[PDB]
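Asker: Protein chains in written order, with the deposited numbering: chain A, 4 to 176; chain P, 4 to 176; chain e, 4 to 176; chain F, 4 to 176; chain 1, 4 to 176; chain X, 4 to 176. Using N, Cα and C, we set each Cβ at its ideal position, and we do this for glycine too.
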Ligand SMILES: [Mg+2]
Ligand SMILES: [Mg+2]
Ligand SMILES: [Mg+2]
Ligand code: NA
Ligand code: NA
Ligand code: NA
Ligand code: NA
Ligand code: NA
Ligand code: NA
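#1: Would residue 32 (chain A) pass as a contact of residue 85 (chain P) if the rule is Cβ separation under 9 Å?
#2: Could you work out which residues of chain e lie near residue 81 (chain X), taking near to mean beta carbons separated by less than 9 Å?
#3: Let me know the alpha helix (DSSP H) ranges lying completely inside the stretch 29-85 of chain e, each 4 residues or longer, listed in chain order.
#4: For residue 113 (chain 1), which residues of its own chain have a beta-carbon under 7 Å away from its beta-carbon, when the five flanking residues on both sides are left out?
#5: Can you tell me where the alpha helix (DSSP H) holding residue 157 (chain X) begins and where it ends?
#6: If we ignore side chains and look at the alpha-carbon of each, how far apart do residue 55 (chain A) and residue 148 (chain 1) end up?
#7: Between the Cα of residue 110 (chain P) and those of 94 (chain P), 141 (chain P), 88 (chain P), 134 (chain P), spot the shortest distance and give me the residue it belongs to.
#8: Taking Cβ-Cβ distances below 7 Å as the criterion, which residues of the stretch 41-59 of chain e are in contact with chain X?
#9: Applying a beta-carbon distance threshold of less than 7 Å, which residues of chain A neighbour residue 8 (chain F)?
#10: Just to confirm, does residue 137 (chain A) get its C-beta within under 8 Å of one of the non-hydrogen atoms of ligand 4?
#11: Measuring CB atoms only, is the stretch 66-84 of chain X touching the stretch 91-104 of chain e, in the sense that at least three cross pairs come out at less than 8 Å?
#12: I'd like to confirm something about residue 65 (chain P): is its beta-carbon nearer than 8 Å to some heavy atom of ligand 5, or not?
#13: How far does the alpha helix (DSSP H) with residue 119 (chain A) in it extend, from its first residue to its last?
#14: Under 9 Å, Cβ to Cβ, is there at least one residue of chain F near residue 32 (chain 1)?
#15: Name the chain F residues whose beta carbon is nearer than 8 Å to that of residue 130 (chain A)?
#16: Closest to residue 34 (chain e) by CA distance: which of 96 (chain e), 74 (chain e), 15 (chain e) is it?
#17: Does the beta-carbon distance from residue 39 (chain X) to residue 67 (chain e) come in below 9 Å?
#18: Since residue 115 (chain e) and residue 127 (chain A) are thought to touch, with beta carbons under 8 Å apart, how far apart are those beta carbons, to the nearest angstrom?
#19: Starting from residue 104 (chain F), find everything on chain e with Cβ-Cβ shorter than 9 Å and list it in chain order.
#20: In chain e, what lies closer than 9 Å to residue 11 (chain A) by C-beta?
#21: Can you give the Cα-Cα distance for residue 152 (chain e) and residue 69 (chain P), rounded to whole angstroms?
#22: Let's test the definition: count the other Cβ atoms within 10 Å of the Cβ of residue 4 (chain F) and tell me whether it reaches 16, buried, or not, exposed.
#23: Per DSSP, what kind of secondary structure is residue 176 (chain 1) in: helix, strand or coil?
#24: Residue 36 (chain F) touches chain 1 at which residues, Cβ-Cβ below 7 Å?
#25: Excluding five sequence neighbours on each side, which residues of the same chain lie with their C-beta closer than 7 Å to the C-beta of residue 132 (chain F)?
#26: Tell me whether the beta-carbon of residue 44 (chain X) lies closer than 9 Å to the beta-carbon of residue 120 (chain X).
#27: Of the choices 170 (chain 1), 139 (chain 1), 117 (chain 1), 135 (chain 1), whose alpha-carbon is the least far from that of residue 150 (chain 1)?
#28: From residue 2 (chain A) to residue 103 (chain 1), what distance separates their C-alpha atoms?
#29: Could you name the residues of the stretch 161-174 of chain P whose beta carbon sits closer than 8 Å to any beta carbon of chain e, in the order they occur along the chain?
#30: So the candidates are 100 (chain 1), 146 (chain 1), 58 (chain 1); which of them puts its Cα closest to the Cα of residue 156 (chain 1)?
#31: Determine the extent of the alpha helix (DSSP H) in which residue 128 (chain e) is found, giving its start and end residues.
#32: Using a Cβ-Cβ distance under 9 Å, would residue 138 (chain e) count as near chain A?
#33: Within the same chain, show all residues whose beta-carbon is closer than 6 Å to that of residue 9 (chain X), passing over the 5 residues directly before and after it, in chain order.
#34: List the residues of chain e whose Cβ lies closer than 7 Å to the Cβ of residue 118 (chain F), in chain order.
#35: Can you tell me whether DSSP reads residue 171 (chain X) as helix, strand or coil?
#36: Alpha carbon to alpha carbon, how far is residue 139 (chain F) from residue 62 (chain F)? Give it in angstroms, no decimals.
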């Protein structure tokens with residue numbers, strides 16, 4: 004049953020990796036939903052749409068890298084349902100950015116718990132995988148989203164549709 | 004409630020489009036599972052893995068095009084859970100190709116039902132959308148997968164691991 | 004006696020580095036032996052030979068990087084005899100790949116023990132050195148060798164000399 | 004009061020980062036002093052001057068990267084006075100190199116203490132930040148300075164003004 | 004004690020140059036503080052941050068040129084502590100620009116006093132050094148900052164966060 | 004048991020080739036030791052280090068060519084332990100060059116004995132192999148090392164650390 008390549012890879016780490024794969028795919032689905040919300044004719048913020056679509060693809064890449072990790076270590080991928088996002092209607096550019104920030108912080112928390120598990124299981128390869136490919140990415144993404152939220156709020160979003168328009172043009176464009 | 008752009012777009016067509024979006028995302032997920040099955044150290048068919056990963060990305064593109072359609076017509080996207088694939092272990096290159104063929108034919112059947120609905124609702128734009136972007140793509144994909152299955156079987160798959168190896172090299176490579 | 008550059012570098016870490024240097028040089032020697040086994044007129048698998056020669060040179064590079072590390076930290080290199088490999092005759096492409104896999108996993112285990120020692124001695128520089136330059140390299144090498152072994156076995160190695168021939172051509176060539 | 008981006012960032016880590024920022028700015032100031040010492044007409048070692056000026060700019064870059072880190076994590080930068088260097092007159096190329104070596108080892112010790120704090124606070128992002136951007140840089144800088152000191156001493160510095168002259172030309176030039 | 008190069012260089016001029024060096028380094032530190040204030044996630048005005056970082060580096064260059072002057076004339080550099088800036092929190096783009104304007108005018112006043120001292124000591128080289136490299140630079144910087152302050156105020160800064168946003172984009176970007 | 008390619012290849016020649024392979028690998032190991040001795044922070048002669056590392060790689064190449072010869076003639080490679088070098092600490096650039104000269108002359112003597120054996124066994128292919136690839140290489144290497152030793156001694160090595168420094172720069176650099 005044991006993979007010929009498997010070495011120093013705890014069952015709990017394998018399971019946590021599978022959970023993280025699902026979470027990354029979920030985040031990719033959330034961002035896809037947000038993108039096409041901004042593609043609606045009654046919202047019509049193309050650069051918001053582009054931004055979130057890019058994020059969706061990035062999240063898919065993160066999931067695929069975790070799957071590659073899983074196979075590299077000799078764990079076995081078990082996929083689960085990708086739950087639909089919490090919203091169909093994301094209400095505003097600002098609200099979407101706030102939800103994205105919340106999502107990214109939740110993903111970061113899951114990564115931190117993964118790192119803690121790796122450390123506890125004395126899995127330095129896994130620890131450094133997480134550190135190299137995920138943790139800084141998360142910190143950067145959270146910082147960027149926080150900057151966006153700050154700018155939108157200062158501009159007067161979401162009540163100032165001019166605010167969101169000009170943010171779409173000048174920041175995301 | 005009615006979109007300012009909506010014209011000649013029946014509620015039943017909108018719902019069928021949402022169902023098709025989910026089905027395309029499901030197909031993407033299935034192909035992703037198959038790809039990383041072939042990435043396992045105990046399977047190790049890199050070109051199978053690459054082939055199915057490409058298919059996964061293509062299916063995601065198809066889903067995104069349907070979402071774009073939905074917004075273009077003034078329908079509203081409602082996402083649903085993406086169900087996990089039927090298998091974790093796809094057993095062989097031949098079996099994966101057979102399951103892919105079955106999946107593609109099911110997707111094609113759903114597209115044909117969508118076309119029939121469009122026709123019944125006198126939606127020529129939707130009909131020609133399906134015809135232009137989906138139906139021929141499906142016919143081609145089904146033909147390609149059938150060719151692959153035929154070749155693998157004639158080569159002696161899945162019992163001939165040499166068969167699958169050489170197919171991976173010479174057809175998919 | 005203490006090096007002017009030495010800081011936070013435990014004697015046990017220095018000794019473990021010297022042991023790792025010897026182990027990497029040993030691995031280089033093993034791969035050299037395997038390469039020239041495949042260069043024999045009665046074996047004559049040129050791409051196996053090339054593959055293992057490349058591995059030999061890579062292992063030498065790993066040893067040299069450890070020696071550089073040793074000097075960077077102000078430890079002192081103490082070389083030991085490089086023991087001859089366990090075999091003169093490696094029997095088959097498959098057997099050589101299996102022995103290489105075993106060797107790489109042993110090297111990985113030694114690296115993991117080195118990391119554990121570094122961590123216990125609160126040597127984050129050493130830990131991150133190992134993580135950055137060695138651990139992922141090992142995981143990748145083990146995964147690659149496992150893939151090779153899997154393919155050879157499925158093809159019918161080592162009894163199918165056609166198997167090894169075609170693997171030599173299509174995978175290693 | 005809490006930053007919207009802040010996550011898993013302990014107050015003690017934030018304070019230690021502020022201390023490190025000050026220390027890096029101090030090191031920059033020290034190197035600036037040394038550079039312009041070597042620019043004096045009665046010292047006139049242009050390549051020493053260039054070397055230390057480069058080091059000064061590098062140290063400022065390190066400080067700026069720590070400030071960026073601070074903002075990325077949602078900590079708040081609090082700057083302090085940059086103390087003047089211990090010397091106005093650095094006496095000789097050899098003495099300046101010895102003081103630089105001492106400074107770099109002190110900076111390294113502060114970084115190691117920072118890493119220990121990060122580890123104790125279970126801040127893997129901070130740990131890997133320090134490891135990636137600072138610790139190896141320090142090890143390299145210390146090794147280089149030790150090499151310089153060794154060469155100068157063997158050449159006969161600081162009593163051999165010919166020694167320092169030729170070192171300036173051939174090593175630093 | 005007297006430098007072999009020293010000629011027509013009064014002790015009072017040497018001391019005033021040392022004071023100016025400290026003042027330029029102080030200005031550099033102030034601009035650095037402002038830059039990283041604008042890099043905060045709750046301020047998030049990247050082009051303000053870039054503008055002030057550029058100013059910081061420019062001020063450092065000015066200090067280094069004064070040190071070079073000091074050595075060229077045969078005076079001796081005596082560095083002092085670089086005091087921390089008056090603020091940690093610069094409140095707004097407009098407020099930062101107003102403080103920068105005040106700082107630049109103070110630096111200009113110090114330069115004018117330096118020029119007056121040079122003139123009184125019949126040091127035409129020093130006078131023309133100040134005139135060529137510093138005075139026009141100051142006049143330009145003050146004019147630019149005044150223009151910025153005027154624009155921000157007319158736009159409605161600092162109460163109009165849209166004002167600061169659009170200024171950041173269109174003037175500083 | 005006899006190789007299909009073997010012709011006019013005496014068992015004694017095969018054994019002598021195996022001994023020469025071991026000797027070349029030993030020489031490679033010696034040069035590696037010397038290189039990293041010069042990489043020490045308390046020795047710090049980078050061009051000595053580079054010179055000996057190049058020699059190490061060259062010696063490995065010589066060993067690999069002998070192994071290739073062995074297989075070409077249908078002999079069988081039997082590897083032995085590579086003994087550690089006689090020294091951990093090579094004391095000086097001059098001493099390392101003197102030891103290298105001694106090593107190269109010992110290798111040359113072994114090659115001459117190999118040639119004599121080949122001649123006695125009427126193996127003109129082996130004789131011309133040795134002549135073409137090894138003997139002139141040895142003569143050149145010995146001449147070069149003798150030149151180096153002569154220069155170092157005339158310069159005042161090893162007591163003149165300036166001597167070794169300038170030799171490192173101007174001859175080996
Ligand atoms: Mg790390
Ligand atoms: Mg003038
Ligand atoms: Mg505008
Ligand atoms: Na992600
Ligand atoms: Na599709
Ligand atoms: Na290795
Ligand atoms: Na630094
Ligand atoms: Na200035
Ligand atoms: Na040789």
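Answerer: In terms of the structure at hand:
#1: yes
#2: 87, 91
#3: 49-76
#4: 23, 26
#5: Under the DSSP assignment, residue 157 (chain X) falls in the alpha helix (DSSP H) whose first and last residues are 139-158.
#6: A straight-line Cα-Cα distance of about 37 Å links residue 55 (chain A) and residue 148 (chain 1).
#7: Residue 141 (chain P) is the option with its Cα nearest to residue 110 (chain P).
#8: 42, 43, 44, 45
#9: 145, 146, 149
#10: Answer for residue 137 (chain A): yes, Cβ within range of ligand 4.
#11: yes
#12: yes
#13: Following the DSSP letters along the chain, one finds residue 119 (chain A) inside the alpha helix (DSSP H) bounded by residues 96-123.
#14: yes
#15: 127
#16: 96 (chain e)
#17: yes
#18: Taking the Cβ atoms as the reference, residue 115 (chain e) lies roughly 7 Å from residue 127 (chain A), within the contact range of under 8 Å.
#19: 7, 8
#20: 111, 112, 115
#21: 44 Å
#22: exposed
#23: coil
#24: One finds 82 in chain 1 with Cβ atoms closer than 7 Å to the Cβ of residue 36 (chain F), taken in chain order.
#25: 72
#26: no
#27: 170 (chain 1)
#28: The question about residue 2 (chain A) has no answer here: the residues shown for chain A are numbered 4 through 176.
#29: Taking 8 Å as the cut-off between beta carbons, the residues of the stretch 161-174 of chain P near chain e are 164, 165, 167, 168, 169, 172, in sequence order.
#30: 100 (chain 1)
#31: Per DSSP, residue 128 (chain e) belongs to the alpha helix (DSSP H) from 127-133.
#32: yes
#33: 77
#34: 127
#35: helix
#36: 14 Å
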